[PDB]
Amino acid sequence: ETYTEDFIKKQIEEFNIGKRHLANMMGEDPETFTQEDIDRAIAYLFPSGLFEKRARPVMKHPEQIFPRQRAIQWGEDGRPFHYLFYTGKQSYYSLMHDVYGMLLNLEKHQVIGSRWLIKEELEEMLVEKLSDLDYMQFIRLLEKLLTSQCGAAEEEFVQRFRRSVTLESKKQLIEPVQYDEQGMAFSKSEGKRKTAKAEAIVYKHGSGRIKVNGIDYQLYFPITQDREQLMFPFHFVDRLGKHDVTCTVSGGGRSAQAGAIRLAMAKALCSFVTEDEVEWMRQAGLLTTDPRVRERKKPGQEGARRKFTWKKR
Amino acid sequence: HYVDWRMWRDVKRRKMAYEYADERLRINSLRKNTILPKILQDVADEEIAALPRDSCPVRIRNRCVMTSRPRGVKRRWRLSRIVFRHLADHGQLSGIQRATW
Amino acid sequence: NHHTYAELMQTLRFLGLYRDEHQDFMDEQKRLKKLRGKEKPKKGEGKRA
Amino acid sequence: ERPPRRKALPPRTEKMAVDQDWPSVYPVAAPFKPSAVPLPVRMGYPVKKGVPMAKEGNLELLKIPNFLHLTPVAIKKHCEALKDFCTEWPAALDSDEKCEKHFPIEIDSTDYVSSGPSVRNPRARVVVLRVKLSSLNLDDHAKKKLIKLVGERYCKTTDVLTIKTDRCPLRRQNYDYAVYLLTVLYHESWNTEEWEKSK
Amino acid sequence: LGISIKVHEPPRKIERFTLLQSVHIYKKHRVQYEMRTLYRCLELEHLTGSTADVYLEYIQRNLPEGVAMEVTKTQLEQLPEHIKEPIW
Amino acid sequence: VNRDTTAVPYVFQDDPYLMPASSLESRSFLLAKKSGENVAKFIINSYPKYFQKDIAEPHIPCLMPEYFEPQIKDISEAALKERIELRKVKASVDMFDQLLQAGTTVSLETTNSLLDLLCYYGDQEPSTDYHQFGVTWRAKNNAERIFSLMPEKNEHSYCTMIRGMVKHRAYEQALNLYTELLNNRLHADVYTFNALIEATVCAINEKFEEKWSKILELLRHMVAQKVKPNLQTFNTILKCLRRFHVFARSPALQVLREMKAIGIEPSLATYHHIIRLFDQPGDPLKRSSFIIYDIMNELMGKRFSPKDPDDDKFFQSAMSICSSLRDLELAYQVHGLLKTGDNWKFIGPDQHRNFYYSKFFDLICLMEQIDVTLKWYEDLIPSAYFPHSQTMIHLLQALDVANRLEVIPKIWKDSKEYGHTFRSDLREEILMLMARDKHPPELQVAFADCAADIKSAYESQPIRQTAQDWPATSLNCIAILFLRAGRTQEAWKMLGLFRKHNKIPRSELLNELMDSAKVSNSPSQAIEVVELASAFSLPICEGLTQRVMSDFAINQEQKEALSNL
Amino acid sequence: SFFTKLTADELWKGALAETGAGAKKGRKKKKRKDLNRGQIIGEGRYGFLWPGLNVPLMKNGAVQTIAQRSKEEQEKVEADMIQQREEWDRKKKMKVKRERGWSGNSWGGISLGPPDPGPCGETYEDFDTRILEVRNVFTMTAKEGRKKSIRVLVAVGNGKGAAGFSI
Amino acid sequence: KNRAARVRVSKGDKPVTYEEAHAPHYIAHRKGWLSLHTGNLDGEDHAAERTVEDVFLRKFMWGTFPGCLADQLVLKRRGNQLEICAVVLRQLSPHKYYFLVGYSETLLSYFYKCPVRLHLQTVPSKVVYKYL
RNA sequence: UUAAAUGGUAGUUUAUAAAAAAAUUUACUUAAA
RNA sequence: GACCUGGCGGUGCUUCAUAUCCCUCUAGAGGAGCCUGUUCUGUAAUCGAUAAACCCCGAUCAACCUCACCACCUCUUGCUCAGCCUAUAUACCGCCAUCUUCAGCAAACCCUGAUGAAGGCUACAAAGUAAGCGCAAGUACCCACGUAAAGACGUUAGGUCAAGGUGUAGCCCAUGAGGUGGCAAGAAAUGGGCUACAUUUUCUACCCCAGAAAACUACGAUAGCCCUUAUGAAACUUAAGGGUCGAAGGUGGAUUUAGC
Ligand SMILES: [K+]
Ligand SMILES: [K+]
Ligand SMILES: [K+]
Ligand SMILES: [K+]
Ligand SMILES: [K+]
Ligand SMILES: [K+]
Ligand SMILES: [Mg+2]
Ligand SMILES: [Mg+2]
Ligand SMILES: [Mg+2]
Ligand SMILES: [Mg+2]
Ligand SMILES: [Mg+2]
Ligand SMILES: [Mg+2]
Ligand SMILES: [Mg+2]
Ligand SMILES: [Mg+2]
Ligand SMILES: [Mg+2]
Ligand SMILES: [Mg+2]
Ligand SMILES: [Mg+2]
Ligand SMILES: [Mg+2]
Ligand SMILES: [Mg+2]
Ligand SMILES: [Mg+2]
Ligand SMILES: [Mg+2]
Ligand SMILES: [Mg+2]
Ligand SMILES: [Mg+2]
Ligand SMILES: [Mg+2]
Ligand SMILES: [Mg+2]
Ligand SMILES: [Mg+2]
Ligand SMILES: [Mg+2]
Ligand SMILES: [Mg+2]
């Protein structure tokens, strides 16, 4: 699959004409039709439900479709263009040479935000296939270059090979404090445990009354352990007897329903505690949705994991 | 031209059962009650027993319409598991895919 | 109705408007068996009596 | 072979202007024709270092039920021609409460559109009649007798009497039967029998 | 066409069934198939007989292959004449 | 929605390989498709058993097998009626005779129905799926025998017999039967009178005046019998009057004026007959001019409905009159009428549609600005008709007149796509126009590319199998076009073809070859120019050689040049 | 039954039995005959002639109608087709005379022709290849056991002094 | 090892189309369905008769167009209509194609009592997705 | 650094490849003797 | 005689098995009754699977039908341009098991062994480059987790001529087709499962703050007998319930299964 440059040029010629045709079909301005409008139109005109998105109908700029192919490396005379052509990795060894040169000069004169460029993405930059050990060798020099007091130019060179890790914050999101007709401050949250789904309304000020589906919590949860779960969020922050809760729970069994409410109450109560307390609650496991759900039974077995009795003979 | 003699015997049973269905329904109604005299119900017992054996609906067998396999048939498609899987695995049955969950 | 399907497509083959690859295969095999000397015996005039 | 093998003409998408009347090309639902659609649309899971397959001879695109005959331009043009057939909703019946006051009875019927040689569907015969007993001229005795006669057809929370009828082959017969049942129920509820004194 | 329309997506139904893997014996091994039925509900309101007749014909004729439709029609009717007052 | 101009008619398969690429392929592709439908219908009716399972709801009667054989085997009058309904001419007669021999009574209505079947079909079986010149009526036919057998003969029996005779060109026999009809004091119907009018004109070869008197006498007979004339009565008169070249024009107008007074509305057929009568091959066309203008004024914005079988023949004739008069505005009025409402359906069969559009487009190219002609070219071709090779010549001539020769390469491509790749007249015309005058470099390059393509069409001629033909003009033009574009290498090869094919090169080709050699300064090439012309004994060569000898010529070559002559 | 019939490819794949357990560890090589080679669309046993498929659509500028070959004409067509088959079959039966090497069944001394031309415009038409030895060497693999390979010595030479050999 | 509808790897000389290259686990994931009707939707009837008709049509078209079909059929059903989309080759003369389209559309309409259309797409040669 | 015997006979490896076809053959109605 | 490659070794060294080899953890099987397969024996009376990789297996299923079995009777160009559940899974397609709870397979070239079978890595690098297939990636399900799905080439001439199709051979007054009636049992052994042997239990109320029962009238049969009903043309037989009966069993040897 060797796509010559003239062919790619013709493909671009057909995308621009096709792009104007699609704008005409959809009644849009040919001149402000973007790639995100193209994708919306193609999805409507050619509806495909195939689970894998790479198999669906696509109309993209040929530069984004066809793979990046390296240019001819020698002229008609036959003399290759790069002095490191016969190495076979002219782009990799050209870079390796440059970094070694910079390091020699630097000596003579004398992170969360960003990750080291991964291997598959360095190969794209060089348009050369590399081994894992080649990638390690390159990174070992770049790191050495940072350890030394690299100058303003050397820092720019390194940053070519540093991507930006956007670090996800593990901070709980607080729900807005609303006010009812009577002006009582309350927060509402949601929880899910197995198949139980509970909505909890925690009032800022109260006496400690919990109503579950309109019933007093001790009557709804006769089992003590279930009542212990409802106590844990409030006991952990020393706020027993200071809030009223009106929660509704549906689905699941007795324990799942008590677990769903615990998560809902904890998420809601984050509005009325300090940020530091919210972090402690998160570190005690009071704000995490439990992902442990019933595993499916498999054909040819007794249960999810159990097998049928095995007979050697 | 039916797949085999067994399929051909089932075709004849389905035809004879259709012809006698009304007569059999009427006579059974006389038998399946406690209202009518037992003497009349005894005569109906004999009359339904004298009808041809191949009119009895219990003798019909749901065979695969393509291969005549008498077992492993899916009633919705009337196909044996083997024939159904052949058509399903080639993508020729609308909306039927491999189930993974 | 396997009688209609079979009889219809048989007629369509004799009219030259349907190519039955299956029937062609078993037709060649019957022709070659006849040359090899294996042919259906005449009814009544069987190998037994 | 004095004339050489017949050569396929170039695709007619090369003659199409960029400001054509596309609804004229795809007036009705038709299969995707790569020679008629002037889009370089590709489809197919790409092989390693490969691209999604082109549109010519692409069976994946043929499978898609395309909407090239229903472009937004066509829909707006189509509906402009179909406005003559529509009649205006009575402006008086602004809200659902106003509809109930003037038209107490609601008849629900269902039509099933499936693909095949036969249109028949045995579910289409079912008719559901709903009427609130507050819209009927019922005294105290009649209302109590009616609620007892119908049984679970009456819902106390909503005060709606639901009469579902599916005895007769046709929907029109089931509609006439449902309306008939409401009539005999109304008149029987008003009638007072002597045995009613044993309540 | 001036019709009030509201769309909601009813939950999907996935029907699954199991078949034997091999033609003969080998019971432990199965093949599991499914048919996914997805839904979309278009709730029209305050239509007249003529408007509904035209809208339904237009969208029904353009129903894509493999899509079924169930049209539930609620008709507003007046009290039967016989029910206006009791005869007894 | 409107007609899609880029597509061929919808009846064809929308695929580049299957789309028709010529006027003939259009006809043949439809004929092949119709044959397929006939073969399927033949099988369906030959083996109904296979197509008797009805799974359609609602039931579709049209998709069921048809049974054409009589299912009543009893010999009776009621069973005979079936055979007449089935149009079994031979079976009905044989059964009718058997019925008569048995002595059972056959109703007059049943006998009249049998005569209708025999009289209409001339006692011949209607064509079936599978089992012109001259008078088709035969003296020994069943209709005549049965007609005499009839014990009671009503007016309808005579009528259908007269109509049959006229239909089958038994004009004299029909007129004799009408005389017998009058002797019996039986009134004839409108349809018999319409047939009798045709018989009068066809039967004898008397001059117009006598035929007109006879026609007027039948009209007076029609009025005497209280018979009201229909539209067909007048349309036949006009069709009959076409035979009288210049003597029926004014009478024909009187007939038209009579129609309007009575209240019979002239249909398209009526006007078709008039314009055909008034349009005889004469240069002035003065009367024809007035007729067509007045007819078009009357028909403006009139939606028509089928009234006469000849309604489909109007538009082709009207466009023919406009081409003869060379009036584009009238043609646009005629075409306007075709496009109003549903009048487009009256264009007629394929050969009518091609003729109409050929005459219409040929008049546009001649009489309209090039910019509008090209719009009509885009809209009509290929969506409406596949052009004739001569219409491309007319389009090329229009382009020449407009000085828009940048489109000639496009016309060639379209010509190849419409099946004119190997039309000699078209290929020669394009080359001549391209090479007639010198053009700017870009236009000269484009013409060279088209010339190379035309040259390839000549190299790959299907006639090449029969023989090699390379017209002298074509060869000369191609060579000159190569020289002007700067492809001297390609032009140098053409010199071998001239002598090979024995085609004499024009002086302009030889005179211009000088510069090509002079710019190169290769005396060898200069002599080759002299050597060729000397073979043909062209007088310019001798005078030319001396000039070349002065400019660039090797000493040794100069001596040889003179001796070669 | 019609619905039980299969395509020719599946039939020939089963009948040939090229894939199996009997064709692996050295455990009649009948060949597939293409039966569609001589078949023309529209030709049937009855002999019906169809305008536009079996016979030309228009004869003398007139669209032909459905016709049928006479009893005796169809017999000729069938007999001719049978003869045309015996000819095609005959060609395959014919054995081409192979120039033998040192022995009838020995690969030594059999010319292989000129070496294939190189990609960079290189032609080796002067050189003549001739085999010298063909040996069936074997190794043992864990999965399959006896694994058969071919060792082939050849010699190439132009006849003017240049000459090499390779395995 | 699984067998169902898996074209087995060869020496790298065997051309396969996109449909033939994908095993059954890829249906609804990378390749779609070759027949679209409502029979197999929840609450829909007559799946059995739709299945038989599809099996027949695929065989009818294989024998009626011998050597022409270059890929599997795409059967589409909309209400009463049946649409057969076939990718054929460019070897048979156009006349013979038009005859067979008119013949097949008529014969099938009378057999299944419904309007049937056949949409032929011609390709120069079999579209090769990969060489197995 | 306890002890831990046995597994019927024969059978598990070389001469080549592949069909071909053929076209249809350009623009009305109409009429006459 | 000396080698190449593979296998194998009660073969060495080092590093390890994640429900996994040992010691450990939880619940079982092996013992009792019953349900359901198999082997044997039995019957005039199917067939196939039958170390791991058979044994509630082809069957998401046999009272007739199904059926291919047995006895008897009947038919002959036969529901089919016949038929055959007749032989051959050691001729095959098709669909699969198994290693796989694997990571290798291989076209095309180059180099090494003096041009033998064969071999081809060392990163501060020393002859390998490798399209393709698999793994992986991606997708399905509730996540990027897990679980499914997937899993090449080959190994067991592994399973299946009885899903169907089919090569070869056989039958054609029968080895084909139809009708009626009938067998599918238990000396003995064993696999899987079910219910129990009870007090963390039994019954009732309740679905979790209760009262009684608790050793020959307790715990414990889903068996036996009897009766009714359901399905069906047909029920000594199949299923449900009622009555009656109250049995072995008192926690199970060697051995053995599953689970992160
Ligand atoms: K031996
Ligand atoms: K070793
Ligand atoms: K135990
Ligand atoms: K066999
Ligand atoms: K067999
Ligand atoms: K057990
Ligand atoms: Mg049964
Ligand atoms: Mg598996
Ligand atoms: Mg020899
Ligand atoms: Mg021994
Ligand atoms: Mg041994
Ligand atoms: Mg036990
Ligand atoms: Mg057994
Ligand atoms: Mg066995
Ligand atoms: Mg029996
Ligand atoms: Mg039995
Ligand atoms: Mg038998
Ligand atoms: Mg085997
Ligand atoms: Mg994952
Ligand atoms: Mg798995
Ligand atoms: Mg994977
Ligand atoms: Mg074996
Ligand atoms: Mg076996
Ligand atoms: Mg027998
Ligand atoms: Mg108990
Ligand atoms: Mg009991
Ligand atoms: Mg009973
Ligand atoms: Mg007790």
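Analysis parameters
- Residues numbered from 1 in each chain as written, not as in the entry; some residues may be left out.
- Chains lettered and ligands numbered in written order.
- Part of a larger assembly, values for the part shown.
- Heavy atoms only, no water.
- UniProt positions renumbered as here; feature names shortened; annotations may be inferred.
- Helix = DSSP H or I, 4+ residues; strand = E, 2+ residues; numbered from the N terminus.
- Near = heavy atom within 4 Å.
- Polar contact = N/O pair within 3.5 Å; in protein donor to acceptor, adjacent residues only side chain to side chain.
- Salt bridge = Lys/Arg side-chain N within 4 Å of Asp/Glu carboxyl O.
- Buried < 20%, exposed > 50% of the residue type's maximum accessible area, 1.4 Å probe, protein only.
- Axes fitted to C-alpha atoms, helices over the stretch in contact; angles between N-to-C directions.
- Parallel < 35°, antiparallel > 145°, perpendicular 65-115°, else oblique.
- Left-handed = near helix turned anticlockwise from the far one by under 90°.
- Contact = heavy atoms within 4.5 Å.
- Nonpolar A, V, L, I, M, F, W, Y, C, P; charged D, E, K, R; others polar.
- Buried area = accessible area lost by both parts, 1.4 Å probe.
- Pairing = 2+ DSSP bridges.

In terms of determination method and resolution, the entry is listed under cryo-EM at 2.98 Å.

Looking at the PDB entry, one finds chain H named 28S ribosomal protein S24, mitochondrial, with Homo sapiens as its source organism. What the UniProt record of chain H gives under Subcellular location is the line "Mitochondrion". Its UniProt record gives chain H a comment under Sequence similarities, which states: "Belongs to the universal ribosomal protein uS3 family."

Taking the PDB entry as the reference, chain C is identified by name as 28S ribosomal protein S33, mitochondrial belonging to Homo sapiens.

> Teacher, can you tell me more about the environment of D:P11 here?
By the element assignment, D:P11 lies in the segment before α1 (59-63). For the pair D:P11 and D:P38, spaced 27 residues apart in sequence, the C-alpha to C-alpha distance is 9.3 Å.

> Explanation requested: the protein's contact with RNA strand I in the structure shown.
Every one of the 39 residues lining RNA strand I counts as a neighbour, but D:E1, F:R243, F:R276, F:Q316 and F:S389 are closest to it. Considering RNA strand I, the proportion of its atoms within 4 Å of the protein that are sugar or phosphate atoms stands at 49%. For RNA strand I, a sugar or linking oxygen lies 3.0 Å from a polar atom in the side chain of D:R2. The backbone of G:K25 places a nitrogen or oxygen atom 3.0 Å from a sugar or linking oxygen of RNA strand I. Elements that contribute at least two residues to the surface near RNA strand I include exactly α1 (23-46), α12 (268-278), α16 (350-367) and α18 (389-402) of chain F together with β6 (128-141) and β7 (145-157) of chain G. If one sorts the elements of the surface near RNA strand I by residue count, α16(F) sits on top with 6 residues.

> For this particular structure, what's the right way to read the pattern of salt bridges?
Pairing between side chains of opposite charge can happen when their charged atoms approach one another. One pass over the full model with this rule turns up 86 salt bridges over all chains. Note that D:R5 and D:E1 form a salt bridge whose closest N and O atoms lie 3.8 Å from each other. H:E19 is the salt-bridge partner of D:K63, the closest N and O atoms lying 3.0 Å from each other. One end of the pair, D:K63, is in helix α1; the other, H:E19, is in helix α1 (residues 18-21), on a second chain. Take H:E19: its relative accessible area is 7%, and that puts it in the buried class. Where salt bridges share partners, they join D:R12, D:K33, F:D4 and F:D14 into one cluster.

> What's the story with the packing of α16(F) against helix α17 (residues 370-380) of chain F in this structure? I'm lost.
Working note: a packed helix pair is described by the angle between its axes plus the distance between those axes. Residue and element names in this part refer to chain F. One can describe the packing of α16 onto α17 by two numbers: an axis separation of 9 Å at closest approach and a directional angle of 155°. Between α16 and α17, the interaxial angle falls into the category roughly antiparallel. The element α16 and its partner α17 pack so that their crossing is left-handed. On α17, the residues that touch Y357, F360, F361, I364 and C365 of α16 are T373, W376, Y377 and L380. Per-class residue counts for the contact of α16 with α17 are 8 nonpolar, 1 polar and no charged.

> Just checking my understanding: could you explain the interface of chain D and chain E for this structure?
Often the size quoted for an interface is simply the accessible area lost on bringing the parts together. Contacts between chain D and chain E engage 44 residues on the former and 33 residues on the latter. Roughly 3500 Å² is buried in total at the junction of chain D and chain E, and carbon and sulfur atoms are behind 66% of that figure. In terms of surface lost to chain E, no three residues of chain D exceed D:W89, D:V113 and D:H187, which account for 18% of the buried area on that side. E:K73 serves as the salt-bridge partner of D:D111, at 3.5 Å between the closest nitrogen and oxygen. Here chain D is connected to chain E by 12 residue pairs in polar contact. Ranked by the residues each element gives to the side of chain D that touches chain E, the list is headed by strand β1 (residues 105-113) of chain D, at 9 residues. Within the side of chain D that touches chain E, the residues separate by chemical class into 25 nonpolar, 11 polar and 8 charged. Where β1(D) lies against strand β5 (residues 69-77) of chain E, 9 bridges are found, and the strand directions are antiparallel. Bridge assignment links D:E106 to a residue of β5(E), and that residue is E:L76.

> Which parts of the structure should I look at to understand the interface of chain C and chain G?
Tallying the contact residues gives 22 residues for chain C and 26 residues for chain G. Considering only the side of chain C, the residues that lose the most area to chain G are C:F14, C:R19 and C:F25, jointly responsible for 29% of the buried surface there. In this structure, the salt-bridge partner of C:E28 is G:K33, at a minimum N-O distance of 3.1 Å. The interface formed by chain C and chain G includes 11 residue pairs in polar contact. Elements with a minimum of two residues in the side of chain C that touches chain G: α1 (2-14) and α2 (21-36) of chain C. A total of 10 residues in the side of chain C that touches chain G trace back to one element, the largest contributor, which is α2(C). Along the lines of polarity and charge, the residues of the side of chain C that touches chain G split into 10 nonpolar, 5 polar and 7 charged.

> Help me out: how do you make sense of the protein's contact with RNA strand J in this one?
Around RNA strand J, the surrounding shell holds 128 residues, and the nearest of these are A:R305, B:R9, G:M140, H:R3 and H:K130. Close to the protein, within 4 Å, the atoms of RNA strand J belong to sugar or phosphate groups at a rate of 69%. Within the side chain of A:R140, an N or O atom sits 3.0 Å from a phosphate oxygen of RNA strand J. Here H:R6 contributes a side-chain N or O atom positioned 3.0 Å from a phosphate oxygen of RNA strand J. A per-element tally of the surface near RNA strand J places helix α1 (residues 5-31) of chain B first, with 8 residues. A per-class count over the surface near RNA strand J returns 41 nonpolar, 29 polar and 58 charged.

> Whenever I open this one, the sheet that holds strand β3 (residues 178-179) of chain A confuses me. Can you help?
Neighbouring strands of a sheet are bound in pairs by backbone hydrogen bonds; such pairs are parallel or else antiparallel. Residues and elements named next belong to chain A. Taken together, 6 strands build an open sheet; the order of strands is β3-β4-β5-β8-β6-β7 and the sheet is mixed. Of all the strands in the sheet, just β3 and β7 (215-216) have a single pairing partner and so form its edges. Relative to strand β8 (residues 244-250), strand β5 (residues 196-203) is paired through 7 bridges, and the arrangement is antiparallel. Each residue of the ladder has a partner; that of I201, found in β8, is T246. Against the sheet, helix α10 (residues 254-269) makes contact with β4 (185-193), β5, β6 (210-212) and β8, and its axis sits at roughly 140° relative to β4, the strand it touches most.

> Could you clarify how one ought to interpret the pairing of strand β4 (residues 160-165) of chain D in this entry?
Looking along a regular strand, one sees the side chains alternate between the two faces of the sheet. Note that strand β2 (residues 127-132) of chain D and β4(D) share 6 bridges and pair antiparallel. Pairing of D:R130 across the sheet is with D:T162, part of β4(D).

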